[PDB]
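Colleague: Below is a structure I'd like to ask you about.
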Amino acid sequence: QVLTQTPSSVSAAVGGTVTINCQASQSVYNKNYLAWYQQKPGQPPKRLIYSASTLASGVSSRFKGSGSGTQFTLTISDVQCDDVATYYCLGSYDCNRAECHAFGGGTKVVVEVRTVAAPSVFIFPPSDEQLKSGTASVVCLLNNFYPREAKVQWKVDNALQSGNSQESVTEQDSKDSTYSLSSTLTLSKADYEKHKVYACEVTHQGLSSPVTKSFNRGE
Amino acid sequence: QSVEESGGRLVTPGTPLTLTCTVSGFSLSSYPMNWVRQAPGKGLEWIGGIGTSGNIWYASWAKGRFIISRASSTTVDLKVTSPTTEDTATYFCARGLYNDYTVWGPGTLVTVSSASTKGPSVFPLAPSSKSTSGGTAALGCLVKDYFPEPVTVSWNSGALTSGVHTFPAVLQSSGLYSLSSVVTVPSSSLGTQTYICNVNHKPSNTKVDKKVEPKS
């Protein structure tokens, strides 16, 4: 049995409604052995619904399951910031006739806000400790922004850097619905001490103009 | 009733590994047990399980690759017979999966790779005027050049959690991971309050407590 979830990603404003569909290739046991799981980043999955529509103990009545046979839906009403998670359907079967259990592929729920939030931007020079080791890492932090799309550009003596940085983004915050991002520029100690001005330039919807944070090596 | 997974570690491809699920507060002859896995950033996948009567069931994709057994009155084993890089995942055990008696463990991390274990270097991200904005200062630690996952980061022995961002690790071209953890604090606190990042990388037996102070 294969369970297909659509869509694979969904957005709702706070107070809005999302609907997630689960289609099974064959009917679950008793036509209703379908469970829904919620998974928040870093955590084991939490069982929210079973028997297609029955809430697990303690689960909010904002979650509503429905459907039968091969076609199932999860509806989240009055979407809240803490609903940010990946949701999985789980179908169960007669072990003698089919695979005992099969998870759907998951649907990521994102919370949308009408208003944008500009990132606060911070730059960190390499530590003296690291410089001793022969490498220099420069870090640029973009803190608490929305929406997710953000452009970070590294400039060294006003020269655009390519192929020598990596970035990482957090999952959406379950309290303020924002993202944060770190970009790390990595150079050899030798290359680092050849240049003076180190800059990270940030483009984002919440900023009317690109903002640059920079330092001069040494000074 | 609770369950706990153990045995996850780094192995080279082809090297057999056994995971264990240990149960407390119930009998294995009373409830079914199931193994589930999740590769980093991917979905949940049912592997197999053992029913009340002791019958063992596998997902069709898992047959031959995994062997499930009752190892004792309180433990269920999962043996990965010839691991490939694609068996890198968190492995969860659960009593049940569907019914009201369902209980999951926190998971155990398996990494399959020919890369060797390496402890991280921990460097400070010092607060300065270049990391201050409107009464808020940002500071952190850079945890560089480690393998495999995971590393844990906490601040002030867990006493500080607000304004903390620990970023997902990135795989560098060298094949080693790097990550940063940052925290935003009141700038007025930089003179009085001590900030220490607590970094633990158990695979390499590395534990570092790095004080992060304003740069001189």
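By convention here, the chains of the structure tokens are called A, B, ... in the order presented, each chain's residues are numbered starting at 1, and ligands are numbered starting at 1 in the order presented.
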Considering only C-alpha atoms, extract the chain A residues located within 8 Å of chain B and return them as a ChimeraX atom specification.
Modeller: /A:33-35,43-44,50,56,88,90,92,95,99-106,120-127,129-130,166-170,180-182,213-215
Colleague: Within 8 Å of residue 76 of chain A, counting only C-alpha atoms, which residues show up once you throw out same-chain ones fewer than 4 positions away? Write them as a list in words, please.
Modeller: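 Here the answer would be residues 17, 18, 19, 62, 63 and 64 of chain A.
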Colleague: List the neighbours of residue 107 of chain A out to 9 Å using only C-alpha atoms; skip same-chain residues closer than 2 positions along the sequence, and give me the result as a ChimeraX atom specification.
Modeller: /A:5-10,20,85-88,104-105,109
Colleague: Contacts of residue 7 of chain B at 8 Å or less, counting only C-alpha atoms, minus same-chain residues fewer than 2 places along, as an MDAnalysis selection string?
Modeller: chainID B and resid 5 9 17:20 108
Colleague: Pick out the residues sitting within 9 Å of segment 201-210 of chain A, and hand them over as JSON, numbers by chain; count only C-alpha atoms, and ignore anything fewer than 6 positions along from it in its own chain.
Modeller: {"A": [115, 116, 117, 118, 119, 121, 142, 145, 146, 147, 148, 149, 150, 151, 152, 153, 154, 155]}
Colleague: Contacts of residue 199 of chain B at 7 Å or less, counting only C-alpha atoms, minus same-chain residues fewer than 5 places along, as number ranges by chain?
Modeller: B: 151-154, 207-209
Colleague: Using the chain letters and numbers from this document, which residues of segment 26-143 of chain A does DSSP assign to alpha helix (DSSP H), as a list in words?
Modeller: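 Matching residues for alpha helix (DSSP H) in segment 26-143 of chain A are residues 128, 129, 130, 131 and 132 of chain A.
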Colleague: Please produce a file of those selected residues containing C-alpha atoms, as an mmCIF file, in the first residue's frame.
Modeller:
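Output contents, as saved in selection.cif:
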```cif
data_model
loop_
_atom_site.group_PDB
_atom_site.id
_atom_site.type_symbol
_atom_site.label_atom_id
_atom_site.label_comp_id
_atom_site.auth_asym_id
_atom_site.auth_seq_id
_atom_site.Cartn_x
_atom_site.Cartn_y
_atom_site.Cartn_z
ATOM 1 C CA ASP A 128 42.013 34.882 17.338
ATOM 2 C CA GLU A 129 41.858 31.223 18.420
ATOM 3 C CA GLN A 130 40.784 30.075 14.941
ATOM 4 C CA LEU A 131 43.371 32.300 13.225
ATOM 5 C CA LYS A 132 46.038 30.398 15.188
#
```
Colleague: Residue 67 of chain B: which residues within 9 Å, counting only C-alpha atoms, same-chain residues fewer than 3 positions away excluded, as an MDAnalysis selection string?
Modeller: chainID B and resid 48 58 62:64 77:81
Colleague: Please give the complete set of residues from segment 11-183 of chain A that DSSP, run on the backbone, assigns to strand (DSSP E or B), formatted as a ChimeraX atom specification.
Modeller: /A:11-13,18-24,34-39,46-50,54-55,63-68,71-76,85-92,101-103,107-112,117,120-124,135-146,150-156,159-160,165-169,179-183
